[PDB]
Every structure is written in C-alpha cells, then in structure tokens.
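Provided below as structure tokens are two forms of one protein chain, presented individually as structure 1 and structure 2.
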Structure 1
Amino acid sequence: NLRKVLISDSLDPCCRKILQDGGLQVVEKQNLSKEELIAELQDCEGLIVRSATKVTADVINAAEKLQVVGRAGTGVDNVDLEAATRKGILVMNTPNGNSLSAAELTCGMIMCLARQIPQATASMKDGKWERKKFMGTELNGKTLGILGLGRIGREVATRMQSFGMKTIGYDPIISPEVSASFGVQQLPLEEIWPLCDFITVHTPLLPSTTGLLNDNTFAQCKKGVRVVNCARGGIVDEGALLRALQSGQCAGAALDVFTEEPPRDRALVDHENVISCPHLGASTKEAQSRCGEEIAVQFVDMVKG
C-alpha cells in the first residue's frame, strides 16, 4: 500500500513534515527531466507535483510502482488523467487551498477594470500625466453577475457586496435558497446578461462551460459590460471577447487564464482595455503553504484507510 512519496516540484516543507508524521517515507527532488523522475519513482507509490513537473502518459506508463499522483494546486493540466485512470493510478489535488487567493485576485481585477489602474500606472511610467484620458466607474449600486457559486464565486460575492454591488448569478447545482444565504440572487442566464455591469466566471472547464461567454451571450449583455476570467482558459471564447472589445459591446476584460498558456496569440493581451496576469490566481505564499498541507493530509488519510 502507500509507503514512500517523492516530491518533484518546490512546495513548503509543511508537506514533507505532515507526510513523515503519518508513517510515510519522503524524498524531495526538484525540476527533474523526463528520464530523471522515473529513476526516483522506481521505489515510490506516491508523487506530489505542483505545476512545473509534467505527468504525461509516458511517466505514468514507464513508472512501475507509482500508485497515487498528488497536485498541490487546482485542476490536473500537468497530469494526463486519461492515461493515469487507464493504469489504475489515483490522481488527487487541493481544491480548497487556492479558493481565497483566487477570490482576492478576482476582486482586484474588478477594481482594476473599474478604475483602469494598470493603464494609469503604465501612463505614469511612460512620463505622462493624462488625467482626462481616465474616467472610471464607481462600483456602488452596479450589478455583478457571478457564473458558478461554489467556493470561489461565493467568496467573490461577499467581498463585492461590501462595495454595495448587487450580486446575481447562476449555478446548476446550488439552489436559489442556498445562494440567497450568501446574497447571490439566481436567475435564468437569459435574464442575467442584460442586467450586468460586470461578469465574472467561477466554473470548472466542461463542454457546457467552454465558450460560456460567446457571441450569443455578448449579444444579450449591456453595451460596455466588463468581463473577468480568473477561473480556466476557454470559459470565455477568446475570439468572441476580442470581437466584443473591438465593437465596444465589451468595454474591458481582465484575464488571469488563456486557452493556451503562455498564449501565442497576442491580440487580447495587447488590447488597450485588457488587463492580464500570467495565471497568478494561486500565486500567494499563503495559498502555496495551504495546498502543500492539504495534499500531505490527503495522502496520510489514504494510508490510515
């Protein structure tokens, strides 16, 4: 059963600490090339990654002891889950660990869109004083649409409520009565689009949420809507967003995530009304430490049944 675990990426020593406390032997490697990793996994039931180490069908297939792969983070981009499940290898991740960091970044993106803070800093650093060029928006009394009312969507809701934003939204699993208890009014999507000043997505990436925002939904929005995607690349159709930015149907967007990372296509990043980060939603010392801890705790519970 589960004994010895390799850590192949850099995450807080709180991870190692909890693993050995629960009986597991631990080793701690870093970077490691496609050939390198497998020579460690010779003797290992367990592999903990962050984002850098790719766990492809190759490593999975070529590693003849590996029973579980743990990601100290959200989703499994860097783990071939098709090939893992084929070989009976359990894949786990730490969904709770990043919630607050992702919600805080989303709120900062909304403030940034409202007041053009990234654009203003760039203008100051270019030696300009362009007070006129900037006219921002007060959030108080504006409507924020929240698509997805799990962990992150509800944390975004309660913070933006403090700004006196009205928070409306939709989730197919969360009842209107439960969303009401954290101040989010659920309506049909067709009724959400024309009410929103700001839209933010907090859904998993599924067929049903791939291009959730598209040409059809932008057609239904108020002119000048502002969009945030701090969830997963492709929930917002990037073509449809660029078309909405060019027409003015969309007055601005804030993107932490892209269909391709890093993105080869530069048109959205380069747009004047787009502010962007290189997938920083989970990039806080606090989230990184909580994910380290959460994966270790998940591992030890599997040894104790």
Structure 2
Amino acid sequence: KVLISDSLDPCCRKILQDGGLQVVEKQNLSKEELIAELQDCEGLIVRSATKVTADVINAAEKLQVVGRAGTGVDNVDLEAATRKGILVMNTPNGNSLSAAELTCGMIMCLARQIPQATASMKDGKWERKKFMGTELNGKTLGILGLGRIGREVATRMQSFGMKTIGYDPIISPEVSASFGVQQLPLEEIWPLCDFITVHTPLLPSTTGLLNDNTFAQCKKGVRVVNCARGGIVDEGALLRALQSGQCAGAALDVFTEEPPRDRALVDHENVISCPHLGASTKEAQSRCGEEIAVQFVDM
C-alpha cells in the first residue's frame, strides 16, 4: 500500500499499480489528515508541498519507505526517518536534462551578456561597445564531473565547436572519450580553459574545488558556471577573481546559503544568477514521477 500526497503525473500511479501495489493519490492535506491516510501504508510519495516531519514519521507505524519526486530532501526529516528505520529515496536521473540545458544557457549568457543587455535595454539604453562578447567556436570548455549532467553538457557544447576536456575520478577515459571528452588531471585543466563548469556532488573533497590557488592557475578572463551545489566554487575566491578580472564572468544557480545573505557576488555586474532553477521544468518534474514510482515497484 502506497500514499501519493502531492500533485504528480498520473503516470506514477499506473506503474505502481502494474507493479502490484495499491495506491491512493491525494494532496494539500493537513498534518492530521496525512497521518490518518498513512495508517494502512508502508510507502509515501511526495514532491515538495508535503512536509514529512518527525511528528508525521512517528505517528505512521507501518511505513518503511518515503519517496521524493525531486532532488534533495528539503521537505523530509531525514534524520527522524533514520531513527525509525525508514528508507528515503530520491530520483537521480529525472532532473539531469533540465540541469544540463540550463548549464548550456548559462554558458551562452556568459559569452554574450544577454541578461545584462536585456536590463540595459529596459532602462532605455543602447550600449553597443559595452556588450562586445566572445564567440564559443574553438574555445575550450572544462567540465568537472562527468556523470549524468556532465556528458549531456559536453555533446551540446560540442555542437558549438567547443573543445571539451574534463576530470572525473570514477569515469574511465574510455567512457569519457565515447562522448568526446578528453580527461586530464586538474592541474593541466585550469590553464587550458576559457570556460569551466561544475557537475560534481558536494563532498569534503569538492568543497572549494575552485579556490584562490586554482583561480591563479586559470587563464586570465576565465568564465565560470555553477549549476551543481553552492560551495564547490569558493564564493570569497570567486569575488576576488571577479574584482581583479582573473574571472571575467560567472553564472550561479546555487549558493552556499539559499537565499544568499551576502549579496556582493549577486550584485556584481559580470555575474548572472538564478534562484536554483536547474530542476524547475514541467518535464523534469514529470520524469521524476515515473523514476520514483518505478523504484517503488522494483522494491
């Protein structure tokens, strides 16, 4: 028995039922209502609106698995789940293309300053000289993290003629070569790159992966994209690089603190940003419905 408590694609319920599970769909429930529905349930599927708090988890006696049809666990008390022996699942594949597409958009925006040009036009200005940009053809793109999103960015930007190099400690040079990315050690990467984009998880080993030492090994006027997680690019180092001109531009979808209380990066003229929109598409939201229902049916 599974409860679906948020508004999901009807393609989730079907698969569950084909797997041999009983389903109940229903949203916008109160705490009390939610706990009552769960009384006979070993499975719950949410997206963002349903708040799977310690209080709900502790009152739901038969529950063994909670699925979120998104990335992260923002609306789930992961710790209370673990005290109770409940497994928490996510959908590591459903968001990949939306995030890769944003990344590529960010790259193009940094080459040509579209978002600053738009702001200028809307202020009534006509600023030709100011927004002289860069042609991507023949430029080198460094891709750090060559998993699901990394390789999708690579084949897209190869169609603009960009040379794609990268680094990933787990993906073989043979696998990367099949999507046209030549692997090298980090220290050989930095000096080659006109653009660098990051697609790694956030771990102790990736916290400040770009920092003051790595920025000094980059080409003068490098442009940087972070559509992964806040913290992979050290934010103080990035502002220093933007102040000196070592970094000519940055695009940020994510921040160490969200919303970010320090505004100096966001306010810089050469920085473009979004409020963590990498998974913010109808299509990504729906693939996630399928992805999580299918894991539950395998379970």
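Rigid core here is just the name for the largest C-alpha set that superposes within 1.5 Å across the two forms. Counting starts at 1 with the first residue of structure 1 and goes up one by one along its sequence.
Visitor: For the rigid parts turning against each other between structures 1 and 2, mark which of 226, 92, 155, 24 is sitting at the hinge.
Guide: Comparing the two forms, the hinge residue turns out to be 92.
Visitor: If the larger rigid part is held fixed, how many degrees does the smaller one turn between structures 1 and 2?
Guide: 18 degrees, smaller rigid part against the larger.
Visitor: Residue 36: how big is its Cα shift between structures 1 and 2, in Å, with the core superposed?
Guide: Superposing on the rigid core gives a C-alpha shift of 8.2 Å for residue 36.
Visitor: With the core fitted, just quote the Cα shift at residue 291 between structures 1 and 2, in angstrom to one decimal.
Guide: Shift of residue 291 at C-alpha, rigid core superposed: 1.1 Å.
Visitor: Looking at residue 10, what is the CA displacement between structures 1 and 2 after core superposition, in angstrom?
Guide: Spelling it out: core superposed, C-alpha of residue 10 shifted, distance 4.6 Å.
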